[PDB]
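Colleague: Take a look at this one; I'll ask things after.
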Amino acid sequence: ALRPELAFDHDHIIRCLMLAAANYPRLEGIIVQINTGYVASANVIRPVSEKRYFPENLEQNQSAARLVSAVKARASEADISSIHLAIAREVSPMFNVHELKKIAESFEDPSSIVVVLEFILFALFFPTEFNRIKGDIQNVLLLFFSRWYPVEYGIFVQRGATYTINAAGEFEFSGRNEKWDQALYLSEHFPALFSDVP
Amino acid sequence: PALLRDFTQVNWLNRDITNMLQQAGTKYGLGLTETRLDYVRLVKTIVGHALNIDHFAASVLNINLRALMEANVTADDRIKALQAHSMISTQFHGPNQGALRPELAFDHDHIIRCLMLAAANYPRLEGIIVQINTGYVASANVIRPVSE
Amino acid sequence: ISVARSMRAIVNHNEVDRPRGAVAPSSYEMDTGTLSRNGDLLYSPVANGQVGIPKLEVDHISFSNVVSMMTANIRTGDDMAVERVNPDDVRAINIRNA
Amino acid sequence: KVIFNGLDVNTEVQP
Amino acid sequence: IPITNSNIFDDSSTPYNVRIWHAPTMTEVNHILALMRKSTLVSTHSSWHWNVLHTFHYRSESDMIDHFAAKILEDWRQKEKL
Amino acid sequence: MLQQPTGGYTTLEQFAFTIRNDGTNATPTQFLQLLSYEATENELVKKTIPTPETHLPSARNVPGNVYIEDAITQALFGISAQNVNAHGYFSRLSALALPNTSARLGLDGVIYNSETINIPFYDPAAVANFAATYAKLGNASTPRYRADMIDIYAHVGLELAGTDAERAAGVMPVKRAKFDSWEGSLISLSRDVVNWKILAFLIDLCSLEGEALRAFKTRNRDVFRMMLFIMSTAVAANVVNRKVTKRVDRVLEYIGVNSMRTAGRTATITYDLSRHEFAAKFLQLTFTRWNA
Amino acid sequence: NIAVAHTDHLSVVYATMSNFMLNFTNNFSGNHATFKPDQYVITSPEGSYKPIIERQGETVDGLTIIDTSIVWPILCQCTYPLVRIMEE
Amino acid sequence: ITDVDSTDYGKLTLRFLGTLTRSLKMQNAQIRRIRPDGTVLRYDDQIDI
Amino acid sequence: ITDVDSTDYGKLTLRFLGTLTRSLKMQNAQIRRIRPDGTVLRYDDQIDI
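Residue numbers (the working numbering), protein chains in the order written: chain Z, 1 to 198; chain Y, 199 to 346; chain P, 347 to 444; chain H, 445 to 459; chain F, 460 to 541; chain D, 542 to 833; chain S, 834 to 921; chain V, 922 to 970; chain A, 971 to 1019.
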């Protein structure tokens, strides 16, 4: 059945989208809003009032207070906009390189393990956005490794904190320790923690 | 005077100025001229401008700007000072402004020379420095009076 | 006495092409020159393959010069926001090791 | 506490 | 690392203290020494134990003088049989 | 694209290096003629220079056209450069290093990420030869790759003050340089040198081979020496003047000795420690190329 | 408790949004070890150079910075249509 | 003239540096994959669409 | 001539510093360590900054 309208120009629209992405900052957000809105229309998640962060009694337990203070330090209140966005952004195109909101964690207390888990969850619930901010995560996890597994840490960092990938596909580690910056997200270098090379 | 060319009615003057401006050895201009974008933001930063001005004041202004730009010290470096005045192992974050916010390097040498001179000329300066530290300890809330 | 005389008799004469003793402005008054990479000012080169004479190297006055200046994008001396984050526990803090 | 996608600045350094 | 007197009955102030450096490439050492010229009462051996660069730092010039002396004497006693 | 002659780009009158002196654009060789020396009891023996590191620093992803010549020249002879290792833009040279890169090195000394209209540029093969080494200026800061900043200056002195006999010998007395001097002679010299198009001299140094290269080393030895002179004033432990019957002899002491001084002085340009590392690296790479 | 909601519902929503017309970039290959985004720039001999992805830092759009702690409300104070007992 | 909201176009809108307009002049421009080094590669049919 | 009002804490430090009598003779003045014995030492690289 012949709809009397011009064919949707895939070529012209991908070109104009590339142009917009080069020139119109709002475009990212524009597209994101659509996805955010779609997530909202699907009714996939809603924020309930009752937090379930702790086992019964452990919150009121006196020796648990450090851990509980820590989990309270990481447990942001549920907000539909923030969640819908967090989910929607997993698929939306990214034009300005994303940065991890930085976390200051010395990893002294065992409860500091919370932060590690906070990343693991982020790695699972949102693998893509994770791939974007992963080196900026690696800067935190390296403090955690040097503080929790110092010898293994020394070997790993001796191999190098980063690597490239030659034409063969073999990884090539720097041999050097250096703090990662998202300036590196757009370069040959990769955070070494996710090399998954034994 | 180069602007009088083909505008002054005094013909000998215009003839002379035209002869000078047509010499290979001299060329009048009005800026803007030189332009320098940031390596990342791609926006313009420093720019030349051939002003009508005495060469001396232009030399001095150029010296000032050269000082400020060649230092390679952005505002981010201030964090290093804030660390010195913060409890050990506080961390500061952001916002990574970069080259767009140049600032002079702290003049450690001049300041230390001046400090020596000041302590020598104003021994009471001791009392000011102490006073600063005193207030800081008060802010640290590390010890309080009690009636008991 | 007139050691500061840039110009004299900016006026026409009927009988003669220029009034006697009229003083034209110096060529250096008008050579806008260039900013050397070092930031010293230079007069325009007198010939190809020659660098320009610096304006301070000589005693002539030059009334066009190339002043570099920052644009609205570069800003200096503005105050700067940061997120301080205190140590979690004052007793865990590492006073000692270098 | 509340989620905030951006720097949560407090201190203001002087030049 | 502070150093104790080899005699262990002398509970008295240590002459100096050793400072093990990160090194490990020779070039890092060239840098650490070139930088070390800017310090105050500091000295190094021509070669270091465990192949890790370390520099003695002296509390006072006299302690330095006594150390340099004992070591000049060691180098002489060694050279004498070399 | 400017083609490279059978000689270097230096053969072109457009790239000629000269310092202003006694009211004219003097060639560097006729400045170095003014130079005289005072040997002291101290001696300088040149050790072998360690080979430059194999590893080329990655250029980062940098959208802009980095101004590499102004960066290098101000880093070495600049009157007020500081923190030269902080921005790390020298690594950008590595972008040029690849075969068939889309980047070009402008005669302006800017590294464009792609060829652009009405901007003349050095022949990319030659520039690849030059970048293939000099990108290593990129690692002057990184600890595993730092140059020696003491021993290398011996070579500087040898190539400056050294007589043909002392030069063949590989040892010279630690000479103290001096010359009849105008007011501010060293600063003005340093600024004449900062405007030098040194990329031309380095490209010819890294790309020319055989007889053309040897003829280049003979033709440009005084230019090299001039840069070495500015650097040596940067490292000189002191720079006094001497009254001498209605004349003033500038004197720098001593050639071939790096005092590692960082506190500034009005007499000469001063190296922040980063500038010391950069200069040491530059000397390592340049002397390495200069002796082959 | 919530895993059936994420796997058996939210994943389908991802699968559909994966096809929406304006999700034009490829974002992640599922391999953290190797993946880099493909990188295009508008560019002209006349000197223009606009990267499509670039790192200008935190911006007013409010999307440049990620608070990972968003995971916590998701794992705790958030109900789902699949938990719980019926819900259309 | 054509009723488009052209606002904040060609303009970075950084949180801290503010708005920064860039040039809109891109005469004869092309969409092109670049090496991570930031330099451009000739349009390959093998990868680019 | 060149007097200019300072930031208020700077005015406080100036007032607390006391009268600027400046009895010091500063012609070619330097900054040198003296020996406890009282002789003024020459500048020493390796000790003085």
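We put the beta carbon where it would ideally sit given N, CA and C, even for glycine.
1) Establish whether the CB of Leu941(V) and some CB of chain P are separated by less than 8 Å.
2) Got a sec? Which residues, its chain only, sit under 6 Å from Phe119(Z) by beta carbon, not counting five neighbours each side?
3) Between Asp470(F), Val477(F), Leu541(F), which lies nearest to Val511(F) when the distance is taken from Cα to Cα?
4) Just list the alpha helix (DSSP H) runs in the region 603-646 of chain D, keeping only unbroken ones of 4 residues or longer that don't cross its boundaries, in chain order.
5) Identify the continuous beta strand (DSSP E) that holds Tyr237(Y) and give its terminal residues.
6) Take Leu933(V) and list the residues in its own chain whose beta-carbon comes closer than 6 Å to its own, dropping the five residues that flank it on each side.
7) So, using beta-carbon positions, are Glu99(Z) and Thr876(S) closer together than 8 Å?
8) Which residue spans inside the region 756-792 of chain D form an unbroken alpha helix (DSSP H) run of at least 4?
9) Check the Cβ-Cβ distances between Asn454(H) and every residue of chain S, and say whether any is below 8 Å.
10) Going by the beta-carbon positions, is the gap between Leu58(Z) and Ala64(Z) smaller than 8 Å?
11) For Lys738(D), I'd like the list of residues in its chain whose CB is within less than 8 Å of its CB, leaving aside the five on either flank, ordered along the chain.
12) Under 8 Å, Cβ to Cβ, is there at least one residue of chain V near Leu298(Y)?
13) For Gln623(D), return the contacting residues in chain Y, with the cut-off set at a CB-CB distance below 9 Å.
14) Does the contact criterion of 3 or more C-beta pairs under 8 Å hold for the region 76-96 of chain Z versus the region 903-917 of chain S?
15) Do you know how far the Cα of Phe757(D) is from the Cα of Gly549(D)?
16) Report yes or no: do the region 770-781 of chain D and the region 417-436 of chain P share at least 3 C-beta pairs separated by less than 8 Å?
17) Which value, in whole angstroms, describes the spacing of the CA atoms of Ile155(Z) and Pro684(D)?
18) On the CB-based measure, 16 or more other CB atoms within 10 Å of its CB, does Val603(D) come out buried or exposed?
19) For a contact meaning CB atoms closer than 8 Å, what does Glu188(Z) contact in chain D?
20) Listed in chain order, which residues of the region 655-675 of chain D have Cβ atoms closer than 7 Å to some Cβ of chain S?
21) Looking at the C-beta of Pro293(Y), does it have a partner C-beta in chain H at a distance below 8 Å?
22) Would DSSP call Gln138(Z) helix, strand or coil?
23) Could you tell me which chain D residues have their CB closer than 8 Å to the CB of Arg176(Z), listed as they occur along the chain?
24) Can you tell me where the alpha helix (DSSP H) holding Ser373(P) begins and where it ends?
25) Measuring only between beta-carbons, confirm whether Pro604(D) sits less than 8 Å from chain S.
26) Quick check on this structure: which residue in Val114(Z), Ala183(Z), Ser187(Z) has the alpha carbon closest to the alpha carbon of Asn294(Y)?
27) Express the C-alpha separation of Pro321(Y) and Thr704(D) in angstroms, rounding to a whole number.
28) Alpha carbons only, please: which of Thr809(D), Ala808(D), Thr827(D) is nearest the one belonging to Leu740(D)?
29) Of the residues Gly292(Y), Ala297(Y), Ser287(Y), which one's Cα is nearest the Cα of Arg442(P)?
30) If you draw a straight line from the C-alpha of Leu553(D) to the C-alpha of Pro661(D), how long is it?
31) Among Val362(P), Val357(P), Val369(P), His359(P), which one has its Cα closest to the Cα of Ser348(P)?
32) What residue range does the alpha helix (DSSP H) around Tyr185(Z) cover?
33) Are any of the Cβ atoms in chain V nearer than 8 Å to that of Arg26(Z)?
34) Taking the alpha-carbon of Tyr882(S) as reference, which of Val792(D), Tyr653(D), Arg760(D) has the nearest alpha-carbon?
35) So, with DSSP's three-state summary, where would you put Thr983(A)?
36) According to DSSP, is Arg213(Y) helix, strand or coil?
Modeller: In terms of the structure at hand:
1) yes
2) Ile137
3) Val477(F)
4) 609-618, 634-638
5) Looking at the DSSP string, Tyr237(Y) is not in any beta strand (DSSP E), and its letter there is neither H nor E.
6) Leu941
7) no
8) 762-776
9) no
10) yes
11) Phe556, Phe558, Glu610, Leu648, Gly650
12) yes
13) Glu268, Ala269, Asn270, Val271, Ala303
14) yes
15) 7 Å
16) no
17) 19 Å
18) buried
19) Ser599
20) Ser655, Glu656, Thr657, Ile658
21) yes
22) helix
23) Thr683, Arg685
24) 373-376
25) yes
26) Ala183(Z)
27) 56 Å
28) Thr827(D)
29) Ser287(Y)
30) 14 Å
31) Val369(P)
32) Unbroken run through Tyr185(Z): none, as it is neither H nor E.
33) yes
34) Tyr653(D)
35) helix
36) helix
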